[PDB]
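Below: input07.cif (mmCIF, C-alpha atoms and all ligand atoms)
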data_entry
#
loop_
_atom_site.label_atom_id
_atom_site.label_comp_id
_atom_site.auth_asym_id
_atom_site.auth_seq_id
_atom_site.Cartn_x
_atom_site.Cartn_y
_atom_site.Cartn_z
CA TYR A 49 -69.63 -42.36 -208.24
CA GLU A 50 -67.17 -39.53 -208.88
CA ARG A 51 -64.98 -39.02 -205.81
CA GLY A 52 -62.43 -36.33 -205.03
CA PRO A 53 -61.57 -33.17 -206.96
CA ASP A 54 -60.92 -32.93 -210.67
CA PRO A 55 -57.65 -34.68 -211.61
CA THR A 56 -54.57 -33.25 -213.25
CA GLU A 57 -51.49 -35.28 -214.11
CA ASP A 58 -50.00 -34.01 -210.84
CA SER A 59 -52.80 -35.47 -208.70
CA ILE A 60 -52.66 -38.95 -210.23
CA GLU A 61 -48.86 -38.95 -209.88
CA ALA A 62 -49.30 -37.92 -206.23
CA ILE A 63 -48.02 -40.43 -203.69
CA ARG A 64 -51.07 -39.67 -201.52
CA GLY A 65 -54.59 -38.93 -202.71
CA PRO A 66 -57.28 -36.64 -201.31
CA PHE A 67 -58.38 -39.25 -198.73
CA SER A 68 -56.89 -40.57 -195.50
CA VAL A 69 -56.65 -44.36 -195.54
CA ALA A 70 -57.29 -46.78 -192.68
CA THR A 71 -56.73 -50.53 -192.48
CA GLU A 72 -58.35 -53.68 -191.12
CA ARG A 73 -56.53 -56.98 -190.67
CA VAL A 74 -58.29 -60.14 -191.89
CA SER A 75 -57.42 -63.53 -190.41
CA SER A 76 -56.11 -66.31 -192.63
CA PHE A 77 -58.99 -68.54 -191.48
CA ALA A 78 -61.52 -66.55 -193.50
CA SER A 79 -63.30 -68.79 -195.98
CA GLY A 80 -61.83 -69.33 -199.43
CA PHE A 81 -58.54 -67.40 -199.16
CA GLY A 82 -55.65 -66.73 -196.81
CA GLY A 83 -56.65 -63.32 -195.51
CA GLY A 84 -55.01 -59.96 -195.95
CA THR A 85 -55.24 -56.25 -195.22
CA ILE A 86 -58.17 -54.00 -196.17
CA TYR A 87 -57.16 -50.44 -197.00
CA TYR A 88 -60.15 -48.10 -197.06
CA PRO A 89 -60.82 -44.34 -197.01
CA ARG A 90 -61.93 -42.89 -193.69
CA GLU A 91 -64.04 -39.93 -194.86
CA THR A 92 -67.52 -41.29 -195.63
CA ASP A 93 -69.02 -37.97 -196.72
CA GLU A 94 -68.38 -38.23 -200.47
CA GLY A 95 -70.32 -41.52 -200.43
CA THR A 96 -69.43 -45.18 -200.75
CA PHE A 97 -66.45 -46.50 -202.71
CA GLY A 98 -65.69 -49.32 -205.10
CA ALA A 99 -63.25 -52.06 -204.18
CA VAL A 100 -60.33 -53.93 -205.74
CA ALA A 101 -58.77 -57.23 -204.65
CA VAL A 102 -55.02 -57.61 -205.21
CA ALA A 103 -53.30 -60.99 -205.60
CA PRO A 104 -49.57 -61.69 -205.20
CA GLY A 105 -47.50 -63.89 -207.47
CA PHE A 106 -46.37 -67.48 -207.10
CA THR A 107 -44.54 -68.14 -203.81
CA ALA A 108 -45.27 -64.65 -202.52
CA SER A 109 -47.50 -62.83 -200.04
CA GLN A 110 -49.32 -59.52 -199.69
CA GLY A 111 -46.10 -57.81 -198.62
CA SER A 112 -45.08 -57.98 -202.27
CA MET A 113 -48.16 -55.87 -203.11
CA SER A 114 -48.46 -53.82 -199.91
CA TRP A 115 -47.54 -50.52 -201.55
CA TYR A 116 -50.76 -50.55 -203.59
CA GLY A 117 -52.73 -50.38 -200.33
CA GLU A 118 -52.56 -46.83 -199.00
CA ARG A 119 -51.51 -45.45 -202.41
CA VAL A 120 -54.62 -46.26 -204.44
CA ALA A 121 -57.01 -46.26 -201.47
CA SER A 122 -56.11 -42.61 -200.77
CA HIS A 123 -57.36 -41.70 -204.25
CA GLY A 124 -60.74 -43.20 -203.31
CA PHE A 125 -60.92 -47.01 -203.31
CA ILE A 126 -61.13 -50.02 -201.04
CA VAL A 127 -57.94 -52.04 -201.61
CA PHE A 128 -57.52 -55.62 -200.35
CA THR A 129 -54.03 -57.12 -200.55
CA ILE A 130 -54.83 -60.78 -199.96
CA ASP A 131 -52.85 -63.90 -199.13
CA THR A 132 -53.55 -67.14 -200.98
CA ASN A 133 -54.33 -70.52 -199.42
CA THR A 134 -50.92 -72.03 -200.18
CA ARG A 135 -47.90 -70.26 -201.64
CA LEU A 136 -48.02 -72.61 -204.66
CA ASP A 137 -51.53 -71.83 -205.93
CA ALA A 138 -51.95 -72.02 -209.70
CA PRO A 139 -53.46 -69.02 -211.55
CA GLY A 140 -56.87 -70.70 -211.68
CA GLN A 141 -56.97 -71.04 -207.90
CA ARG A 142 -55.83 -67.43 -207.46
CA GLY A 143 -58.90 -66.42 -209.46
CA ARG A 144 -61.26 -68.25 -207.10
CA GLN A 145 -59.47 -66.85 -204.04
CA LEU A 146 -59.67 -63.36 -205.55
CA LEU A 147 -63.46 -63.78 -205.71
CA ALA A 148 -63.66 -65.20 -202.18
CA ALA A 149 -61.88 -62.07 -200.95
CA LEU A 150 -64.38 -59.80 -202.72
CA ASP A 151 -67.28 -61.83 -201.33
CA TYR A 152 -65.70 -61.48 -197.88
CA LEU A 153 -65.69 -57.70 -198.35
CA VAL A 154 -69.42 -57.83 -199.13
CA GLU A 155 -70.69 -60.53 -196.76
CA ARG A 156 -68.23 -60.65 -193.84
CA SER A 157 -66.11 -57.49 -193.66
CA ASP A 158 -66.06 -55.39 -190.49
CA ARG A 159 -68.79 -52.75 -190.13
CA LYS A 160 -66.32 -49.92 -190.76
CA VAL A 161 -65.44 -51.56 -194.08
CA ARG A 162 -69.00 -52.66 -194.87
CA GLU A 163 -70.42 -49.14 -194.52
CA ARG A 164 -68.00 -47.56 -197.02
CA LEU A 165 -68.38 -50.26 -199.70
CA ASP A 166 -70.61 -50.20 -202.78
CA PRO A 167 -70.91 -53.99 -203.26
CA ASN A 168 -71.76 -53.62 -206.97
CA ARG A 169 -68.55 -51.91 -208.16
CA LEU A 170 -65.78 -54.49 -207.70
CA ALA A 171 -62.52 -55.27 -209.49
CA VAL A 172 -59.41 -57.46 -209.39
CA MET A 173 -55.68 -56.82 -209.67
CA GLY A 174 -52.75 -59.20 -209.56
CA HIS A 175 -49.04 -59.75 -210.11
CA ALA A 176 -47.44 -62.63 -212.05
CA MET A 177 -49.59 -65.75 -211.40
CA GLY A 178 -51.90 -63.31 -209.62
CA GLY A 179 -52.27 -61.60 -213.00
CA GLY A 180 -53.16 -64.90 -214.59
CA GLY A 181 -55.58 -65.28 -211.70
CA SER A 182 -56.80 -61.79 -212.54
CA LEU A 183 -57.67 -63.00 -216.05
CA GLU A 184 -59.41 -66.11 -214.69
CA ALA A 185 -61.55 -64.23 -212.16
CA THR A 186 -62.91 -62.16 -215.05
CA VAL A 187 -63.98 -65.32 -216.89
CA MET A 188 -65.26 -66.63 -213.55
CA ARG A 189 -67.33 -63.50 -212.78
CA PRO A 190 -68.08 -61.25 -215.78
CA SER A 191 -69.80 -58.68 -213.53
CA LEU A 192 -66.44 -57.29 -212.37
CA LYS A 193 -65.73 -53.67 -213.27
CA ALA A 194 -61.97 -53.78 -213.89
CA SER A 195 -59.05 -56.20 -214.22
CA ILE A 196 -55.37 -55.24 -214.00
CA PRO A 197 -52.83 -58.05 -214.63
CA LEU A 198 -49.34 -56.92 -213.58
CA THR A 199 -46.59 -58.88 -215.40
CA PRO A 200 -49.11 -61.74 -215.62
CA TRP A 201 -48.30 -65.43 -215.96
CA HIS A 202 -50.59 -68.04 -217.50
CA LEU A 203 -50.20 -71.16 -219.63
CA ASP A 204 -53.39 -70.36 -221.54
CA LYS A 205 -52.68 -67.81 -224.27
CA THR A 206 -56.21 -67.11 -225.60
CA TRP A 207 -58.62 -64.94 -223.59
CA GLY A 208 -61.36 -64.10 -226.08
CA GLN A 209 -64.26 -64.74 -223.70
CA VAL A 210 -63.26 -61.91 -221.33
CA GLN A 211 -65.73 -59.03 -220.96
CA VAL A 212 -64.04 -56.97 -218.21
CA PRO A 213 -61.98 -53.89 -219.20
CA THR A 214 -58.48 -55.33 -218.77
CA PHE A 215 -55.21 -53.37 -218.42
CA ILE A 216 -52.13 -55.57 -218.85
CA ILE A 217 -48.91 -53.90 -217.70
CA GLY A 218 -45.78 -55.35 -219.28
CA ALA A 219 -42.09 -55.34 -218.37
CA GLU A 220 -39.49 -55.06 -221.14
CA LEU A 221 -36.82 -57.29 -219.58
CA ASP A 222 -39.15 -59.83 -217.93
CA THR A 223 -37.78 -63.33 -218.53
CA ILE A 224 -39.96 -65.23 -216.03
CA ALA A 225 -43.28 -64.31 -217.69
CA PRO A 226 -41.84 -62.70 -220.83
CA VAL A 227 -44.14 -60.30 -222.66
CA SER A 228 -43.59 -61.94 -226.06
CA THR A 229 -45.18 -65.20 -224.84
CA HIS A 230 -47.37 -64.01 -221.95
CA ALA A 231 -48.36 -60.35 -221.66
CA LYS A 232 -48.63 -59.70 -225.41
CA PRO A 233 -50.54 -62.83 -226.57
CA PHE A 234 -52.83 -62.34 -223.57
CA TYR A 235 -53.71 -58.80 -224.65
CA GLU A 236 -54.04 -59.58 -228.36
CA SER A 237 -56.41 -62.49 -227.68
CA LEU A 238 -58.67 -60.17 -225.70
CA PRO A 239 -61.68 -59.19 -227.84
CA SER A 240 -60.86 -56.27 -230.12
CA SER A 241 -64.15 -54.68 -229.01
CA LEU A 242 -63.11 -54.84 -225.36
CA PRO A 243 -61.94 -51.66 -223.61
CA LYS A 244 -58.34 -52.68 -223.00
CA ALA A 245 -54.76 -51.46 -222.93
CA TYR A 246 -51.20 -52.79 -222.80
CA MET A 247 -48.41 -50.78 -221.17
CA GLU A 248 -44.86 -52.12 -221.39
CA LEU A 249 -42.23 -50.56 -219.13
CA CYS A 250 -38.78 -49.77 -220.51
CA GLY A 251 -36.00 -51.73 -218.82
CA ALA A 252 -38.38 -53.26 -216.29
CA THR A 253 -38.06 -56.74 -214.80
CA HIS A 254 -40.66 -59.23 -213.58
CA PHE A 255 -40.60 -57.60 -210.13
CA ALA A 256 -40.99 -53.94 -211.13
CA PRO A 257 -44.67 -53.96 -209.93
CA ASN A 258 -43.52 -54.88 -206.40
CA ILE A 259 -41.95 -51.49 -205.60
CA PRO A 260 -43.53 -48.01 -205.87
CA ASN A 261 -43.66 -46.90 -209.50
CA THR A 262 -45.29 -43.62 -210.52
CA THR A 263 -45.85 -44.92 -214.05
CA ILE A 264 -47.72 -47.97 -212.74
CA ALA A 265 -49.68 -46.15 -210.04
CA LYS A 266 -50.91 -43.21 -212.13
CA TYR A 267 -52.61 -45.37 -214.78
CA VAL A 268 -53.83 -48.08 -212.43
CA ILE A 269 -55.59 -45.20 -210.67
CA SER A 270 -56.88 -43.88 -214.01
CA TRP A 271 -58.07 -47.35 -215.02
CA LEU A 272 -59.74 -48.05 -211.67
CA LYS A 273 -61.31 -44.59 -211.72
CA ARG A 274 -62.60 -44.86 -215.30
CA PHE A 275 -64.18 -48.31 -215.04
CA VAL A 276 -64.89 -48.98 -211.36
CA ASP A 277 -66.07 -45.41 -210.66
CA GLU A 278 -67.44 -44.94 -214.22
CA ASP A 279 -65.33 -41.78 -213.99
CA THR A 280 -64.77 -40.25 -217.43
CA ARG A 281 -62.64 -37.53 -215.79
CA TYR A 282 -59.74 -39.99 -216.16
CA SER A 283 -60.01 -40.74 -219.90
CA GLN A 284 -57.72 -37.77 -220.63
CA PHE A 285 -54.78 -39.83 -219.33
CA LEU A 286 -55.83 -43.11 -220.98
CA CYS A 287 -56.89 -41.87 -224.44
CA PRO A 288 -54.96 -41.24 -226.51
CA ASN A 289 -52.15 -43.61 -225.57
CA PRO A 290 -49.87 -42.19 -222.83
CA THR A 291 -46.44 -41.14 -224.08
CA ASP A 292 -44.30 -41.26 -220.94
CA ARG A 293 -40.59 -41.97 -221.23
CA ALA A 294 -40.69 -45.04 -218.94
CA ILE A 295 -43.07 -46.64 -221.48
CA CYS A 296 -41.54 -48.58 -224.37
CA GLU A 297 -44.78 -49.73 -226.01
CA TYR A 298 -48.43 -48.82 -225.54
CA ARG A 299 -51.45 -50.49 -227.14
CA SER A 300 -55.15 -49.86 -226.56
CA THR A 301 -58.63 -49.90 -228.08
CA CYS A 302 -59.07 -46.16 -227.50
CA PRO A 303 -61.22 -44.15 -227.35
CA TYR A 304 -63.21 -45.12 -224.25
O1 LIG A 401 -41.94 -72.40 -213.90
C1 LIG A 401 -42.47 -72.15 -212.79
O2 LIG A 401 -42.60 -73.07 -211.93
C2 LIG A 401 -42.96 -70.73 -212.47
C3 LIG A 401 -43.58 -70.48 -211.26
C4 LIG A 401 -44.02 -69.21 -210.97
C5 LIG A 401 -43.85 -68.17 -211.87
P1 LIG A 401 -44.46 -66.46 -211.41
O3 LIG A 401 -44.44 -65.56 -212.62
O4 LIG A 401 -45.85 -66.52 -210.84
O5 LIG A 401 -43.44 -65.86 -210.27
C6 LIG A 401 -43.98 -65.10 -209.22
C7 LIG A 401 -43.21 -63.79 -209.13
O6 LIG A 401 -43.81 -62.96 -208.18
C8 LIG A 401 -43.58 -63.38 -206.86
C9 LIG A 401 -42.70 -62.36 -206.15
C10 LIG A 401 -43.22 -61.12 -205.80
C11 LIG A 401 -42.42 -60.20 -205.15
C12 LIG A 401 -41.10 -60.50 -204.85
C13 LIG A 401 -40.59 -61.74 -205.20
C14 LIG A 401 -41.39 -62.67 -205.85
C15 LIG A 401 -43.22 -68.42 -213.07
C16 LIG A 401 -42.78 -69.70 -213.38
CA CA A 402 -58.45 -69.46 -195.23
#
Please go through the file and, once you have read it, give me the structure as structure tokens.
Amino acid sequence: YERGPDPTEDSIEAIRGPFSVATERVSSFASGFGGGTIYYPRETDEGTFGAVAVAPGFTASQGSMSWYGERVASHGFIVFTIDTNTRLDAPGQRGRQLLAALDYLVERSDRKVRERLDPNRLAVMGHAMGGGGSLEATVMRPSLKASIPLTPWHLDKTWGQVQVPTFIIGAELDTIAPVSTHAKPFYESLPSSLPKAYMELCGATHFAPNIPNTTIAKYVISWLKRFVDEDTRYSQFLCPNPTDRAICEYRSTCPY
């Protein structure tokens, strides 16, 4: 499941990975969700790849997450920035629609996408209410390999039944889904035996995940490599806790 050459901190911080990405547009009339764009590596010689499904926040679309497409997928992943059914979907519905996008990748995706996909190594990512929907899709399908809630928003504060390795990225100055009442109590109610981490960004707002951010990208790549690819070549950056300057607080259940 290991793809690409051995990583240094300069390769994870790279804006482009060792693979050339291609895309495939998915209609909004696909069952269960509002469609999106499927970013996938072109070179099929290193084998098949795992996949992640990315959800945008409340009253937002995949354009708010588009920069995760070619970025992560060039490091060796299938990335699916999806649109929801309506722009007002609650976090619970964004969980379902995250799973209907993954199922679409397995059961209905184009042949070029189907051939490069390992349908057993799947994951979810999401921003704001898409991060709450990231937490729900874990509860809804415990077979998922990774879960990455970006500045997540949810009314439910306790998430002790989650079994997926979850990486909650926080934003210091977020006042829409503030970390003290959302991102932190979400992480602390995750099971202490779960492989998990909490990264809070200094001076960041609710919308920091919507523009390219080397701090966000380098450890989303490490997290998706470690748990979707079972790639222990990326534990060096996760354990012990990263000590970057753009990070104001880091918490984790290291080592893993
Ligand atoms: O009180 C409420 O009604 C309420 C509703 C929704 C939220 P949420 O945290 O989901 O906001 C989504 C932010 O992301 C969407 C976005 C992405 C990129 C650019 C601009 C906007 C919080 C409170
Ligand atoms: Ca639809």
Leaving out residue 141 in chain A and any residue of its chain fewer than 5 positions from it, which residues lie within 12 Å of it when counting only C-alpha atoms, given as a PyMOL selection string?
-> chain A and resi 80-82+103+105-106+132-136+146-148+177-185+188+202
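Nearest to residue 102 in chain A of all the residues A:280, A:195, A:186, A:262 is A:195, based on only C-alpha atoms.
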Using all atoms listed in the file, which residues sit within 12 Å of residue 151 in chain A once same-chain residues fewer than 5 positions away are excluded, as a PyMOL selection string?
-> chain A and resi 78-81+99-101+128+144-146+156-157+162+165+167-168+170-171+189+192
All residues within 8 Å of ligand LIG 401 (chain A) are required, counting only C-alpha atoms and all ligand atoms; please report them as an MDAnalysis selection string.
-> chainID A and resid 104:109 111:113 175:178 199:201 224:225 254:255 258
From A:304, A:271, A:77, A:87, residue lying nearest ligand CA 402 (chain A) [all atoms listed in the file] = A:77
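Closest approach to ligand CA 402 (chain A) among A:84, A:257, A:143, A:213: A:84, based on all atoms listed in the file.
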